[PDB]
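Read through the structure below, which is laid out as structure tokens, and then see the notes.
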Amino acid sequence: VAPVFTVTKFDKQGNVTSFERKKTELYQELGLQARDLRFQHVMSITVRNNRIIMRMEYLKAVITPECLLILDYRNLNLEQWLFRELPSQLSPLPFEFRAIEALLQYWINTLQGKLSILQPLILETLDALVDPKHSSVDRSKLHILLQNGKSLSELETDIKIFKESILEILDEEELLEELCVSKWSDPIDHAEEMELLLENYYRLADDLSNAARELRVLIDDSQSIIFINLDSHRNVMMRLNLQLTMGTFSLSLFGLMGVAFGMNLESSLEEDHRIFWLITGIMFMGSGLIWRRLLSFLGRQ
Amino acid sequence: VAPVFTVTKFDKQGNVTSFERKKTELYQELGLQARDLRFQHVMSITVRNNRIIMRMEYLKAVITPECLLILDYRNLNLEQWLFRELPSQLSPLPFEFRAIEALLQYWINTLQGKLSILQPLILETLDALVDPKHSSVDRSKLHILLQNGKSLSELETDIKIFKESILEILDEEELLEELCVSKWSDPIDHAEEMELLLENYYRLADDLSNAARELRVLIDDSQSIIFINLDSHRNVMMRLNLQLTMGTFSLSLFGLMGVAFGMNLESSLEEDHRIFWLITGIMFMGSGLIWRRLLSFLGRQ
Amino acid sequence: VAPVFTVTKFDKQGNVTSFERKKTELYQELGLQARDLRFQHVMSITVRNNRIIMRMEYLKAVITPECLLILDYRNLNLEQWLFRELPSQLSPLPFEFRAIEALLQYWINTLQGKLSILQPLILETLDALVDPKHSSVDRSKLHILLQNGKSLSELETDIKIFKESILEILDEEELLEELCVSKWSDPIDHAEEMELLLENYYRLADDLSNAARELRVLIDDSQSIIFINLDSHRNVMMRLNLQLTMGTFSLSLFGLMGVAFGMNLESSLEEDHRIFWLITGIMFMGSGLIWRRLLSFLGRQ
Amino acid sequence: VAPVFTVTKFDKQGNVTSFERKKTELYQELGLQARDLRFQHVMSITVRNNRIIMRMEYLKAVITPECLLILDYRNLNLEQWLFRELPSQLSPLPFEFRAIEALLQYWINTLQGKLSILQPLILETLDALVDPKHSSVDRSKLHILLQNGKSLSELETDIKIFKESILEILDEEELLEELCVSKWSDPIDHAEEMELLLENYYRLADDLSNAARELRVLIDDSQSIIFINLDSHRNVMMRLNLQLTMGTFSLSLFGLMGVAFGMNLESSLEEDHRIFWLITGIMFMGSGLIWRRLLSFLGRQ
Amino acid sequence: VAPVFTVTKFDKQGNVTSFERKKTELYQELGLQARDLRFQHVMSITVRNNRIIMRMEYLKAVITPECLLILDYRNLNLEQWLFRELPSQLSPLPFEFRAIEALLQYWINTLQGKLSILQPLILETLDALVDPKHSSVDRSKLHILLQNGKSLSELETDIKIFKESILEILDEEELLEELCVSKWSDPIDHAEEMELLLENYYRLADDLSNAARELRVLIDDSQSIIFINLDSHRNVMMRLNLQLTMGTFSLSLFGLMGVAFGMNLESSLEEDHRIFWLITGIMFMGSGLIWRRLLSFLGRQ
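Chains as they are written, first to last, in full-length UniProt numbering: chain L, 82 to 172, 181 to 276, 286 to 399; chain P, 82 to 172, 181 to 276, 286 to 399; chain B, 82 to 172, 181 to 276, 286 to 399; chain R, 82 to 172, 181 to 276, 286 to 399; chain W, 82 to 172, 181 to 276, 286 to 399.
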């Protein structure tokens with residue numbers, strides 16, 4: 082079966098149509114070639130034969146002086162935006186500016202929504218983890234943090250690609266003039291308006307990038323603080339264990355003393371209770387003294 | 082209700098007025114459009130129809146050849162600066186230079202105050218943490234350090250944005266000439291003065307950025323030193339525990355020896371005390387010798 | 082023996098030949114010199130006397146207006162690509186574009202295959218390692234991860250070299266015109291087509307680089323999470339050991355008490371069982387109470 | 082009281098004078114304004130009205146075609162350089186070159202001295218710390234290392250500022266011509291000589307920066323090695339403790355066996371010594387065997 | 082004594098001479114000044130009065146249209162290269186190209202030898218360290234790794250300096266024309291040949307830099323894997339110790355039980371062996387059950 086695009090077409094007045102068209106007929110209707118409508122790049126803004134070709138992660142658009150076309154919109158939850166919002170936006182400047190503004194605004198709003206969803210989860214998870222009142226931390230929250238960090242990295246990459254794509258155009262004047270397809274098709287400055295639009299969207303993307311970078315550095319700092327807290331708790335517990343170990347060592351030493359003094363043999367000392375009481379008292383007082391001395395030895399270190 | 086701006090207006094002589102004006106009337110009074118007075122960017126310096134539009138994190142200003150306007154100043158603690166200091170500053182160069190210098194000086198002073206407040210707290214907290222006389226560190230100080238580091242990152246971002254915004258203007262001569270609104274409105287070089295002003299403020303921002311970077315690297319080094327100190331204390335405590343464990347092992351071994359020699363059974367040796375004394379002495383001397391040998395074995399490792 | 086190249090030659094129609102030719106004869110047949118056909122660089126695209134010289138890690142190609150030559154193809158598993166696919170590709182634009190597109194597509198497909206093989210292994214290994222249900226992790230998987238990370242770094246380097254080599258050409262127009270060897274040999287714009295080709299391949303390489311960078315940052319985050327999980331498990335185990343140590347300390351203390359009360363000597367208290375029962379009960383209840391008190395002391399910390 | 086500068090003035094012949102002059106009189110004597118002699122920047126090289134204004138961290142200089150002035154030299158240990166070395170240096182090229190060379194050489198020598206003092210201390214401290222013959226490290230040396238690293242970061246920042254300040258001038262020819270104040274005051287190429295001077299000093303600064311960077315990376319590597327050594331020692335000590343713990347466990351198990359066999363009750367076995375000897379031998383041999391088996395179990399892991 | 086250079090001179094035909102000459106006579110013989118033959122920079126390529134001045138870490142060369150001079154070659158192991166290889170290389182292009190190619194090839198070969206020596210040692214050391222079959226790692230190998238990493242950093246710095254020095258020349262055409270001293274001394287394109295030479299050597303240096311960077315990242319990854327392995331072994335050993343501690347706790351608890359039941363007092367139960375056997379069996383079975391329960395409690399965690 083011949084390959085076919087699923088196109089939805091918007092007119093200047095905002096009227097909407099939708100159909101399925103074979104690629105060869107689409108090329109013939111326009112002045113393009115299969116070399117152009119390939120969409121091999123995730124992000125791209127290009128001009129060919131006075132036709133603008135724009136692509137996002139999952140959005141594909143062709144802009145003409147008299148119409149707009151969105152391609153392969155099925156199973157992407159774009160119906161609400163396509164049939165409810167876009168016609169209102171498209172209804181003194183030419184059509185190209187309206188269409189480009191609509192698409193760029195859609196992408197920017199999508200990125201802003203992603204960031205707004207990501208931020209509170211990460212902040213709350215980090216706040217919960219950093220609580221120094223616990224000697225251990227949950228691991229489900231760690232898994233959540235890892236997944237959200239992956240999503241944040243993807244968002245940063247998308248923002249950087251958007252910025253680079255727009256900047257590549259803003260620098261050269263030739264592309265700025267090319268985007269003014271209506272002027273060239275049928276021979286106030288349009289280049290200035292295009293520059294303003296692209297500058298605005300580039301600045302918004304820069305702000306988003308700065309926010310994401312701040313979030314990432316916050317994550318790193320929280321991780322370091324977590325490490326430090328865990329190490330401190332380890333040291334405290336080891337100190338406690340060491341103190342108890344010294345106590346047990348003294349107790350066992352004088353337990354051996356008593357066991358030796360209490361063998362099932364002849365000692366020639368079983369007829370006196372004074373010696374027994376003296377031995378018990380000596381054991382106890384000496385255990386106290388040696389424990390205190392070992393505590394002091396630990397303290398001096 | 083129609084949207085309205087809360088404006089405070091400064092004349093050339095420094096006279097001050099304040100009122101509330103609807104946006105449409107404000108656009109009509111000037112030569113601007115709603116596309117300009119939107120303030121969608123956190124930091125922006127722009128020129129439109131010989132009117133300068135400046136924005137900061139929370140400051141919004143419009144500069145004309147004959148007046149200055151500050152918008153949305155409510156609930157921002159700007160009364161002291163607005164009604165006490167600015168009129169004195171504004172009272181041979183045209184008005185634009187005075188206004189721009191005032192605004193930039195205000196922002197720079199704000200950033201300097203933030204940095205001056207942040208520095209001593211971080212320095213003292215790090216000095217307290219790094220003290221090697223403790224095996225553990227407080228965690229409230231760690232939380233304070235984390236919050237102050239977040240604030241420091243925000244400050245660094247603000248400084249970088251300021252530097253980039255000014256540099257974008259300093260490079261191009263067209264914008265430098267545009268900022269000289271008085272010259273164009275009613276046809286010594288003004289561009290040189292503007293270049294001097296922007297260069298001065300850019301250099302001050304660069305100095306602040308360098309200071310912040312130095313503080314951050316200091317924080318990182320302190321964290322590494324903290325880790326090392328904690329690990330060393332851990333190793334010392336483990337060495338102590340190991341020594342005591344070897345002692346206890348020897349004591350328990352010869353305690354088992356004595357217990358076996360002292361069962362409630364027949365041994366055919368209960369009639370001699372010499373054997374008992376010899377056993378006790380052997381136990382004690384052997385415990386000493388084996389403890390010393392184990393200490394040597396630990397030492398060789 | 083004189084050095085010799087093993088060449089396979091493709092004509093315009095796609096006909097294929099293969100032979101071995103001495104370097105001097107090859108230089109004489111073309112207009113080149115030994116200074117050119119040296120291949121001292123891993124990645125290089127150059128033009129000399131209207132002949133294109135291209136090199137990859139292990140691929141060496143010479144492009145002329147009428148023929149293509151691949152050199153040193155032995156023992157490299159290139160037979161399938163050389164004798165089955167390339168002739169079909171080479172069979181209105183001149184030959185140079187077809188040849189360059191074929192070579193660049195081959196290299197890009199190779200890199201994509203490498204990345205596609207690497208990704209799932211790393212993802213699955215990291216997912217297995219991060220599982221917080223274990224207190225330890227396998228080390229064979231760690232070795233696998235290390236080797237795959239080394240391969241990923243090599244891939245990133247190759248992609249960066251490819252991007253730099255293409256970009257060095259895209260910027261200058263002189264090289265773009267030079268690559269159009271057919272135009273100069275025998276005096286629609288060819289430079290535009292070359293720019294389109296190189297831009298497409300550069301963008302594909304950029305996408306691959308972004309993917310690799312994302313994978314690397316994911317690896318780093320997973321490593322940090324692994325460290326945190328291990329530390330938490332350590333702390334939990336130490337807490338358990340500390341609790342048991344306090345219990346054992348109490349038990350040994352009152353064991354010493356009982357041993358002292360049960361020496362093989364005279365105590366003047368052996369005729370009463372009430373004292374014995376009271377001592378046993380006191381030991382048990384006191385052990386419980388002291389264990390609870392030590393647990394509370396640990397809790398307060 | 083009116084603000085006053087403390088100036089020391091050098092003539093062309095090297096004669097030296099020193100006095101205190103009010104700022105207004107200084108401005109009047111030269112052709113400058115208070116906007117220039119403010120010294121709000123830590124590092125700055127500027128030209129105003131054929132007068133060169135130079136600043137360092139604590140050095141302030143004004144250069145004219147016929148004289149040099151150093152401002153605010155009190156309490157800075159500059160007497161030796163001011164009254165002993167500089168006159169000799171200043172005694181065919183004009184005065185500006187000599188003065189600038191002297192100041193830049195002074196700054197470069199200061200930075201070189203700082204680096205030469207810092208290097209050996211850090212190297213020796215790291216060599217002492219890295220010694221793998223100890224399970225712990227001193228902390229006073231760590232504090233010293235931290236302070237010296239802070240000083241190194243400050244030095245790196247100073248070098249970077251110096252390089253940037255000189256480079257900003259080297260690129261533009263206009264500033265190079267401006268620095269030739271003598272040519273313009275009273276109308286072989288001077289710009290070439292200035293370029294040579296600035297290039298020489300920039301290259302020296304670059305060398306210093308490279309040295310500092312190498313030192314910093316060395317510090318980082320030493321820190322990592324320290325961490326690894328501490329962890330290895332921890333593992334060794336834990337292995338020793340585990341072995342001793344298994345031994346103690348076996349000893350205590352068979353101690354319980356013997357204690358149970360030696361209660362103060364009736365066992366119907368007290369009339370035979372063969373059973374007693376067999377029990378003792380069984381306990382000892384079994385303890386040896388179980389200890390060996392546990393050692394093997396540890397080994398297999 | 083007057084300062085003197087130790088020079089070795091090569092003629093066009095390759096004839097070699099060597100002598101010692103005072104600096105003033107050397108300046109007079111050429112057209113240079115002491116400002117040039119100072120060699121204050123580690124790496125430098127310069128042109129003065131149609132004389133090329135080149136410096137490396139320890140190599141100093143002066144190139145003229147008719148001769149080459151190497152200065153200060155004593156005690157540097159350059160005799161083999163100076164008196165055996167260089168004359169052969171120097172024996181249609183002018184002399185400058187041959188001399189520059191020889192010097193650059195020498196430096197590149199030196200760097201390649203350094204890298205080839207460094208690589209296998211680091212690879213083998215890392216392979217030995219990463220072996221997960223040991224709970225500890227040797228420290229002599231760590232010291233070796235540290236020293237080799239320092240050497241690698243020095244090599245990277247040298248390569249970067251070489252690349253920067255060559256690139257500074259490649260960009261400007263004026264320096265490329267200046268290097269063609271023979272053309273200017275006594276009035286096919288030489289600039290093209292110089293560009294080819296410098297491009298070749300720059301590309302080789304870039305390849306070396308990439309290799310060094312790959313080695314460094316490999317080192318870092320190996321360090322991280324080492325940390326992870328050590329932590330895992332720590333956790334395993336702690337688990338073993340915890341299990342043995344729980345066993346010992348149960349044993350000591352029921353040892354206290356038996357000791358209490360076996361005091362040297364009156365219990366009114368010494369006439370029955372059934373109670374004794376029941377107590378022993380209860381102790382043993384309960385110890386088994388409590389040990390199993392504690393193992394389950396550890397497992398659930």
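Virtual Cβ for every residue (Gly too), placed ideally from N, Cα, C.
Closer than 8 Å at the beta carbon, the chain B residues around residue i
i: residue 366/W; result: 371
i: residue 346/W; result: 346
i: residue 166/W; result: Ordered by position in chain B, no residue passes the 8 Å Cβ test against residue 166/W, which lies about 19 Å from the chain.
Where residue i meets chain W, residues with beta-carbon distance less than 8 Å
i: residue 242/R; result: Near residue 242/R there are no residues of chain W at all, since even the closest Cβ is about 18 Å away, more than 8 Å.
Residue i: contacting residues in chain R (beta-carbon distance under 9 Å)
i: residue 362/P; result: 359, 360, 361, 362, 363, 365, 368
i: residue 136/W; result: What residue 136/W touches in chain R: nothing, since even the nearest Cβ is about 11 Å away.
Contacts that residue i makes with chain B (C-beta to C-beta distance below 7 Å)
i: residue 170/W; result: Residues of chain B passing the Cβ test: none, with the nearest at roughly 15 Å.
i: residue 351/W; result: 349
Chain L residues whose Cβ lies nearer than 9 Å to that of residue i
i: residue 69/B; result: With chain B represented from 82 up to 399, any question about residue 69/B goes unanswered, as that position is not in the structure.
i: residue 354/B; result: 349, 350, 352, 353, 356, 381, 382, 385
Residue i: contacting residues in chain B (beta-carbon distance under 9 Å)
i: residue 141/L; result: Those do not exist, as residue 141/L stays about 16 Å from chain B at its closest Cβ, beyond 9 Å.
Within chain P, the residues that residue i reaches when beta carbons sit closer than 8 Å
i: residue 374/R; result: 361, 363, 364, 365
Residues that residue i contacts on chain W, provided the C-beta gap is smaller than 7 Å
i: residue 308/R; result: 246
Chain-ordered neighbours of residue i on chain P, where CB pairs are closer than 9 Å
i: residue 397/R; result: Residues of chain P passing the Cβ test: none, with the nearest at roughly 18 Å.
Contact test: residue i Cβ vs the ligand HEM heavy atom, cutoff 7 Å
i: residue 331/R; result: Because no ligand of any kind appears in the structure shown, any question about the ligand HEM cannot be addressed here.
The segment 312-322 of chain W touching the segment 235-243 of chain B, judged by at least three CB pairs closer than 8 Å: yes
Near-chain R residues of the segment 101-126 of chain P (beta-carbon distance less than 9 Å), N- to C-terminal order: none
Residues of the segment 244-272 of chain W with Cβ closer than 7 Å to any Cβ of chain R, in chain order: 246
Cβ-based contacts, 7 Å cut-off: residues of the segment 378-393 of chain P near chain R: none
Beta strand (DSSP E) segments (min. 3 residues) lying fully within the segment 85-154 of chain R: 85-92, 97-103, 125-129, 132-136, 141-144, 148-152
Any 3 or more C-beta pairs closer than 8 Å across the segment 340-354 of chain R and the segment 259-275 of chain W: no
Validate contact between the segment 332-348 of chain W and the segment 377-397 of chain W using beta carbons, cut 8 Å, 3 pairs: yes
The segment 252-266 of chain P in contact with the segment 211-230 of chain P per 3-pair CB rule at 8 Å: no
Where the segment 288-306 of chain L meets chain B: residues whose CB sits under 9 Å from a CB there: none
Three CB pairs or more closer than 8 Å across the segment 326-340 of chain R and the segment 323-342 of chain W: yes
Those runs of the alpha helix (DSSP H) which lie wholly inside the segment 189-241 of chain L and span at least 4 residues: none
Residues from the segment 314-341 of chain W in contact with chain B, defined by Cβ distance under 9 Å: 315, 316, 319, 320, 322, 323, 325, 326, 327, 329, 330, 331, 332, 333, 334, 336, 337, 339, 340
Members of the segment 223-237 of chain W that neighbour chain R once the beta carbon cut-off is set at 8 Å: 224, 225, 226, 228, 229, 231, 232, 234, 235
Three CB pairs or more closer than 8 Å across the segment 109-117 of chain R and the segment 364-371 of chain B: no
The segment 289-307 of chain B touching the segment 202-218 of chain L, judged by at least three CB pairs closer than 8 Å: no
Contact between the segment 153-172 of chain R and the segment 83-103 of chain R (3+ Cβ pairs under 8 Å): yes
Chain P contacts from the segment 203-216 of chain R (Cβ-Cβ distance under 7 Å): none
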